[PDB]
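Shown here is one chain on its own, the form deposited in one PDB entry, set out as structure tokens.
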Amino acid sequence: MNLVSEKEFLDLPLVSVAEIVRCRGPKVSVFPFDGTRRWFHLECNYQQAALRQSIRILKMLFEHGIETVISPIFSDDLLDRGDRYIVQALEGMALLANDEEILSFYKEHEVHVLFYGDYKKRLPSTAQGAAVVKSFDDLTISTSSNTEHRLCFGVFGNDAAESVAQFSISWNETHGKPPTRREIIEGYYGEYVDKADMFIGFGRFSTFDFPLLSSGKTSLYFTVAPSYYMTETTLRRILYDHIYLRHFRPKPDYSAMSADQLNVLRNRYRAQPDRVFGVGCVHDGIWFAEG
């Protein structure tokens, strides 16, 4: 339970890992679907392919015991692409709430789906967009009885400030008092969600689109390859690091360590004095982390 080795963890059967996760966490994980286009021009040679991969990873995440997955899918730069790109995107959005296989996926894995972000005001003031919003509203309610997992799709969910302000102003007008943090979170995500226990990005070290759910306890990981490339081994090593390594116990007692130990520890830092993770190099316009 508390003393499983990485090797065993890596050898254990799926159901076993899931049980460990259900107990130790991560309860909430952020997994944006990024680098999609790149993955497309490298493995397939769109909207339809991206989805099968999204479904694969989501399936994987939930089958490993993770209760809630927060997945940013569309951020600001969107409205700045061509008209066709926007249509392709709005179609992808429509697929998350309309496609046959993913709907089966939600039902098969008892997944309640929610959407967050500024999509209701930002989405194109057109028909196709009003359809996406209606679709989003419908799915959220129709998957309402599923209780095994929670899936939150981020659509323009990069800055919740103005949204929190307005949500708070209305709540106080109708309730007489300001909302609690819990109510603020329910208001934005549509349901209460604990802080994120980990964020798995890729490439450039950066996080985004999970307003109010971030804390110093959100373990950060950045794969070298794009989101859809996520393998089993990689996921388990990430899981193992967060569950067993990030918060090691008992904490360290310096005063109890020998003068040599402190010395060995000091060298772990001074041996390579200028070492830093996050600096990279560029190849074909693509940034890659060094060291």
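Throughout, rigid core stands for the largest set of C-alpha atoms superposing within 1.5 Å between the two forms. From 1 onward, residues are counted along the sequence shown.
In terms of unmodelled positions of the deposited sequence, the stretch from residue 45 to residue 46 in this entry skips 4 to 9 residues.
Look at the mean CA B-factor for 95 to 103 and for 172 to 180 in the entry; the higher one is 95 to 103.
The mean Cα B-factor in the deposited entry runs higher for 35 to 43 than for the other of 237 to 245 and 35 to 43. The maximum CA B-factor among the listed residues 216, 124, 187, 117, taken from the PDB record, is found at 124. Looking only at 225, 70, 60, 49, the residue with the top Cα B factor in the deposited structure is 49.
Ranked by Cα temperature factor within the chain, residue 77 sits in the highest third according to the deposited record. Compared with the other modelled residues of the chain, the Cα B-factor recorded for residue 146 ranks in the middle third. The deposited CA B-factor of residue 85 belongs to the highest third of values across its chain. Residue 271 sits in the highest third of its chain by CA B factor, as recorded in the PDB entry. In this PDB entry, the Cα temperature factor of residue 135 sits in the middle third of its chain's modelled residues.
Heads up, the form deposited in another entry isn't pictured, but that's what we're talking about next.
A movement of the C-alpha atom of residue 266 reaching 2 angstroms or beyond is seen between this form and the one not shown when the two forms are aligned on their rigid core. After superposition on the rigid core, displacement of the C-alpha of residue 257 between this form and the one not shown amounts to 2 Å or more.
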